[PDB]
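Here is the structure we will look at.
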Amino acid sequence: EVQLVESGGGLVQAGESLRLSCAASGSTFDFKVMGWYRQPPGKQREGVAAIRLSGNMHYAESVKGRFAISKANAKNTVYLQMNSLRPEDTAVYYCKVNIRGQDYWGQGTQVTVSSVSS
Amino acid sequence: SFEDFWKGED
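Here the protein sequences come in this chain order: A and B. Residues 134 to 251 (my numbering) make up the first sequence, in order. Residues 35 to 44 (my numbering) make up the second sequence, in order.
The structure is reproduced here in structure tokens:
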């Protein structure tokens, strides 16, 4: 009965930056791996970035270099830095965690990037 | 794949 709480999303201008937050909840047990997937409208869901408890991290090719995942100081909490956002980054972003051998998924938070900029 | 990283042991 682990609960994911995703925050930081919303409706943003092209070229701006955004940080998502995800806190896995209801466990005293550190995760093994935690990260983000995303679903562009009408497209399949795809992994974005993941980080293991050791700090070892993995990025999908479509975002590698543009996004950065990290461990917050808080128990079972990770951040996704999304820099230089573009309309193709528009998507539902889903947090996922693996704790004690079980995967848990968040409800997802929208990140929408208009083509208009500052 | 992304899923190979996800499932892998640390």
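The C-beta atom is built at its ideal place from N, Cα and C for all residues, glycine as well.
| task | My understanding is that A/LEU151 touches A/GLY141, with C-beta atoms under 8 Å, so please give their C-beta distance in whole angstroms. | result | As a first step, residue 151 of chain A must be located in the first sequence, where it is residue number 18. As a first step, residue 141 of chain A must be located in the first sequence, where it is residue number 8. Yes, they are in contact, since the Cβ atoms of A/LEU151 and A/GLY141 sit about 6 Å apart, within 8 Å.
| said: Buried or exposed for A/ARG233, going by 16 or more other Cβ atoms inside 10 Å? | reply: In the first sequence, residue 233 of chain A corresponds to position 100, counting from 1. By the neighbour-count criterion, in which 16 or more other beta carbons inside 10 Å mark a residue as buried, A/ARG233 falls on the exposed side.
| Of all the CB atoms in chain B, is at least one closer than 9 Å to the CB of A/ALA183? | Translated into positions along the first sequence, residue 183 of chain A becomes position 50. True, the Cβ-Cβ gap to chain B drops below 9 Å.
| query | In whole angstroms, what is the alpha-carbon distance linking A/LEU153 and A/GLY239? | reply | Within the first sequence, the letter at position 20 stands for residue 153 of chain A. Within the first sequence, the letter at position 106 stands for residue 239 of chain A. For A/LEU153 and A/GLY239, the distance between alpha carbons rounds to 13 Å.
| First and last residue of the uninterrupted beta strand (DSSP E) at A/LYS204 | As a working mapping, residue 204 of chain A is identified with position 71 in the first sequence. Going by DSSP, A/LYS204 is part of the beta strand (DSSP E) stretching over 200 to 204.
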